[PDB]
Amino acid sequence: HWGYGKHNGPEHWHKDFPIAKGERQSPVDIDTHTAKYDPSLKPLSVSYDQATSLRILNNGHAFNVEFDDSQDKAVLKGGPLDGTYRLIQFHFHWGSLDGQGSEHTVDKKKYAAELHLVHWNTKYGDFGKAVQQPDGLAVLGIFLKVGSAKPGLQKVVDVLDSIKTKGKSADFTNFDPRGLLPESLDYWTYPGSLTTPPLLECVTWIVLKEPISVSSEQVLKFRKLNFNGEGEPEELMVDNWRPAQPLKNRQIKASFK
Ligand SMILES: O=C(O)Cc1cccc([N+](=O)[O-])c1
Ligand code: NI
Ligand code: NI
């Protein structure tokens with residue numbers, strides 16, 4: 001019964017999941033000076049025109065916006081990837097304060113939040129099988145800084161009062177995730193893991209260099225969510241980020257000079 005506290009947070013997870021101390025754990029600090037520009041990188045293709053959002057769920061640690069992943073409707077390809085990766089869900093990690101919240105860091109800088117668009121490799125047939133493979137997932141990570149509002153985020157923010165507590169869901173159709181992307185698709189990439197239990201080492205991370213801007217008010221609404229279930233003491237859903245882990249024997253590659 002894991003979480004983000006003193007008693008059950010990141011620093012305890014290894015007792016249940018020894019892979020927490022593995023060779024390709026996420027997130028990491030991105031040392032921009034040491035990331036090497038890679039000309040082998042094929043261009044990134046984000047094809048979200050046919051996306052079909054279905055539902056938004058408070059899963060007790062975050063909220064997930066879920067997609068129909070039963071066809072190639074929203075796919076990621078190119079970049080460092082071989083083959084086609086289908087969007088299953090997106091979620092965020094965020095802080096109690098604007099000065100922290102991201103999982104990845106950039107030259108030790110923490111952003112207020114980080115958006116994760118999770119895709120699985122269609123060669124494995126479904127998500128569950130894909131997470132058992134070293135190349136099973138591709139996660140597109142986007143930093144959030146506080147400034148101007150992100151118009152394309154407001155629909156997500158406004159429904160959060162309907163899923164305040166763990167296990168609540170709401171219909172969430174017709175949401176266009178294109179409205180959450182920055183202008184540039186320049187990126188860093190490296191091999192890593194999921195950042196909650198079970199910490200599986202199945203992710204090709206693709207972290208965009210350009211953050212999106214959200215308003216103070218938008219992020220405040222994230223912080224009104226609850227980790228707890230209804231009828232349990234209230235514990236605000238904040239600081240649901242794992243800190244940076246050792247890079248070990250990995251290289252971070254840059255798609256840009
Ligand atoms: O890495 C995370 O944010 C945690 C996590 C946990 C379970 C599934 C996830 N997913 O990527 O579908 C992500
Ligand atoms: Ni548990
Ligand atoms: Ni995540």
Side-chain angles (χ1 to χ4, degrees), residues 1-20 22 24-28 30 53-69 74 76 85-95 100-105 110-122 124-144 156 166-167 169 177 180 189-208 212 222 225 227-229 232 235 237-245:
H1 247 358
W2 63 268
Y4 295 90
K6 192 225 210 135
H7 293 282
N8 66 356
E11 76 265 35
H12 295 271
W13 295 352
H14 73 101
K15 289 174 282 169
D16 294 285
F17 299 96
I19 205 171
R24 54 176 286 185
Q25 291 289 292
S26 292
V28 298
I30 301 167
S53 66
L54 291 174
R55 192 177 77 141
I56 191 172
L57 173 67
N58 178 331
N59 69 6
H61 65 91
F63 60 88
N64 296 157
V65 173
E66 302 166 346
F67 291 79
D68 175 14
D69 68 345
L76 185 68
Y85 291 66
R86 267 212 203 154
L87 180 66
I88 181 171
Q89 54 108 310
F90 69 78
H91 63 269
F92 303 81
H93 303 262
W94 64 91
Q100 62 196 216
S102 67
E103 281 196 322
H104 297 88
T105 56
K110 294 172 169 90
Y111 288 86
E114 190 174 329
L115 163 62
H116 291 162
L117 294 124
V118 179
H119 313 72
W120 56 267
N121 191 331
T122 62
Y124 304 124
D126 63 39
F127 179 81
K129 285 290 222 261
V131 296
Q132 300 175 56
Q133 314 307 147
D135 59 351
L137 294 185
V139 181
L140 183 59
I142 302 174
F143 296 116
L144 279 60
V156 172
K166 177 176 73 149
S169 70
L180 297 176
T189 186
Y190 72 96
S193 74
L194 309 178
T195 72
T196 64
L199 297 171
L200 293 168
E201 289 182 338
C202 62
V203 181
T204 300
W205 278 95
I206 299 170
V207 179
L208 297 187
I212 61 166
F222 286 14
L225 288 165
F227 293 124
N228 54 284
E232 300 178 342
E235 191 59 4
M237 184 182 284
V238 294
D239 295 316
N240 58 356
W241 52 277
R242 186 186 192 190
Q245 301 301 307

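What you see below is based on every heavy atom in this structure, not just the backbone, and it leaves out hydrogens, waters and symmetry mates. Count residues from 1 along the sequence. All ligand and atom numbering here is 1-based and tracks the order in the structure.
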(Q) Assess the residue pair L225 and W94 against the criterion (side chain to side chain contact (heavy atoms under 4.5 Å, CB included)); give the C-alpha distance rounded to whole Å, side-chain angles, the decisive distance to 0.1 Å, and a yes or no. (A) CA-CA 11 Å; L225 288 165; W94 64 91; 4.0 Å; yes
Q: Output, by chain and residue number, all protein N/O/S atoms separated from the Ni ion (ligand 2) by less than 2.8 Å.
A: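 Listed by chain and number, the nearby protein N, O or S atoms are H1 N, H1 ND1.
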Q.
Between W120 and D69, is the side chain to side chain donor-acceptor pair (under 3.5 Å) condition met? List the steps.
A. CA-CA 9 Å; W120 56 267; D69 68 345; 2.8 Å; yes
Q.
side chain to side chain contact (heavy atoms under 4.5 Å, CB included), that's the test. Do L137 and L194 meet it? Break it down for me.
A. CA-CA 9 Å; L137 294 185; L194 309 178; 3.8 Å; yes
Q: Would you check, one step at a time, whether the test side chain to side chain contact (heavy atoms under 4.5 Å, CB included) holds for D16 with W2?
A: CA-CA 9 Å; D16 294 285; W2 63 268; 6.0 Å; no
With heavy atoms of [X] as the reference, note each atom of ligand 1 found under 4.0 Å away.
X	result
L194	1 (O), 11 (O)
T196	4 (C), 5 (C), 6 (C)
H93	3 (O)
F127	12 (O)

(Q) With a 6.0 Å cut-off on the ring centroids, do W241 and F92 count as close? (A)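 For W241 and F92, the ring centres are not under 6.0 Å apart.
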(Q) Once you restrict to heavy atoms under 4.0 Å, what part of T195 touches ligand 1? Side chain, backbone, both or neither. (A)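 It is both parts that get close, each with some atom under 4.0 Å.
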(Q) Consider side-chain hydrogen bond (donor to acceptor under 3.5 Å, both in side chains). Of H116, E66, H61, which one does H91 pass it with? (A)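 When side-chain hydrogen bond (donor to acceptor under 3.5 Å, both in side chains) is applied between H91 and each of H116, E66, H61, only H116 qualifies.
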Q. Are any of the heavy atoms in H91 under 4.0 Å away from ligand 1?
A.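 Yes, that is the case, since the closest heavy atom of the residue is under 4.0 Å from the ligand.
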Q | Considering only N, O or S atoms of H116, the one closest to the Ni ion (ligand 3) | A |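 Considering only N, O and S atoms, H116 comes nearest to the Ni ion (ligand 3) through ND1.
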Q) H91: which N/O/S atom is nearest the Ni ion (ligand 3)? A)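 Atom name of the closest N, O or S in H91: NE2.
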Q.
Checking side chain to side chain contact (heavy atoms under 4.5 Å, CB included) between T195 and each of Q25, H104, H93, which is the one that passes?
A.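 Exactly one candidate clears the test, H93.
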Q.
Among all protein heavy atoms in this structure, tell me which lies nearest to atom 12 (O) of ligand 1, with the distance rounded to 0.1 Å.
A.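 For this ligand atom, the closest protein heavy atom is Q89 NE2, 3.1 Å.
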Q) Can you check whether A112's main-chain N or O pairs, donor with acceptor, with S102's side chain at less than 3.5 Å? A)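 A pair under 3.5 Å: no.
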Q) Would a distance-only check, ignoring hydrogens and angles, find a side-chain to backbone donor-acceptor pair under 3.5 Å from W13 to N8? A)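 Yes, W13 side chain to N8 backbone: donor-acceptor pair under 3.5 Å.
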Q. Under a 4.0 Å N-O cut-off, is there an ion pair linking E103 with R242?
A.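 The answer is no: the pair does not qualify as a salt bridge.
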